[PDB]
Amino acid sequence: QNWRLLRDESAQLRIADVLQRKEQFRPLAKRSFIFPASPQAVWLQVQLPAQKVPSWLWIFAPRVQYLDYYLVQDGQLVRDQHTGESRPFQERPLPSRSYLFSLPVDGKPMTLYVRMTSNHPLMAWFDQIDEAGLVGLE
């Protein structure tokens, strides 16, 4: 129940606003979603324990225009990345243009937040992967 979702139909919520609304996140029945095209912002919240081996959050979000990634550890914002198809000029390694975010092995648990918007149907698949998952990616 640590993979949770919040639909922000206002599209106005920022990271600070979302952190005030943690109780509004509800558990996902699968690590993916699809919604008809709308101006909503979909937020993902993933709570993870301290990690022992290299791992990544993988996201395949075709046609997502704005994707914002935030990592929180010990109540503080430790990572803050703005990407998506409407943020060009960033070179990504994978042919699929999937997104990878490295999850630190630093003795502390974490919470990740991802904001996604599109003018197209809003869809993504996502999961935590280790090195073994990484080397088979395309």
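Start at 1 and count along the sequence shown; that's the residue number.
Averaged over Cα atoms, the B-factor as recorded in the entry is higher for 87-95 than for the other of 32-40 and 87-95.
Checked against the record, the higher mean CA B factor of 76-84 and 99-107 lies with 76-84. Within the listed group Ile129, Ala16, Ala124, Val114, the record reports its top CA B-factor for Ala16.
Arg63 sits in the middle third of its chain by CA B factor, as recorded in the PDB entry.
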